[PDB]
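Written below as structure tokens is the structure these notes are about.
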Amino acid sequence: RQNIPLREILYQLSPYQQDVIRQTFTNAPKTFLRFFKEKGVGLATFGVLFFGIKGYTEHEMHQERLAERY
Amino acid sequence: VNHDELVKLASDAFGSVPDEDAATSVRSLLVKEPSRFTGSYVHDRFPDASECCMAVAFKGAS
Ligand SMILES: CCCCCCCCCCCCCCCCCC(=O)OC[C@H](COP(=O)(O)O)OC(=O)CCCCCCCCCCCCCCCCC
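Protein chains in written order, with the entry's author numbering: chain 1K, 4 to 73; chain 1M, 249 to 310.
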């Protein structure tokens, strides 16, 4: 099953010799900031393009409705 | 081997070994640094080996 040549030492601890969810509270703000640091540019360019084009379209639609008035 | 002759020879030869302090006995050293068993896993990987030796052990008895 796909022999891989490799030289290493691997260590593993029992899952009943460590904690489960206690470190999740410590790392939660750091992980939040790291997520937004990594995906900040893409989410921002998505938001700018989508909301800008939607806002321009809705504004010009409102102007079109106003132009039909008497 | 005769027991009395070995007693005499050991008293002549090994009679000068120091005795032991009570505070530095084997039991005090065993109490001071006790054994601990931890459930764990290790492998030593080699890139071009032929055999695969492995041992699995449980915590046994003293
Ligand atoms: C006339 C009818 C009136 C209707 C009034 C209601 C219209 C909709 C509600 C208002 C919406 C405006 C603010 C929306 C804020 C949403 C959040 C957001 O953008 O954040 C995403 C995003 C968050 O990034 P993330 O936190 O990194 O995910 O924020 C940005 O990156 C900033 C986005 C700024 C770009 C959009 C600016 C508004 C466009 C308006 C363009 C007008 C053109 C005019 C041309 C004609 C002139 C004559």
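Just so it is clear, CB atoms sit at the ideal spot from N, CA and C, and this is done for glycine as well.
Asked	Found
Delimiting residues of the alpha helix (DSSP H) encompassing residue 277 (chain 1M)	274-280
Heavy atom of ligand 1 within 8 Å of residue 36 (chain 1K) beta-carbon	no
Residue 20 (chain 1K) - containing beta strand (DSSP E), residue span	Unbroken run through residue 20 (chain 1K): none, as it is neither H nor E.
Heavy atoms of ligand 1 versus C-beta positions, residues under 5 Å	46 (chain 1K), 47 (chain 1K), 50 (chain 1K), 51 (chain 1K), 54 (chain 1K), 55 (chain 1K), 58 (chain 1K), 59 (chain 1K) and 65 (chain 1K)
Cβ pair residue 308 (chain 1M), residue 19 (chain 1K) closer than 9 Å	no
Residue 9 (chain 1K): contacting residues in chain 1M (beta-carbon distance under 8 Å)	293 and 295
Beta bridge counterpart(s) of residue 62 (chain 1K) as assigned by DSSP	Note: residue 62 (chain 1K) sits in no beta bridge, so no partner.
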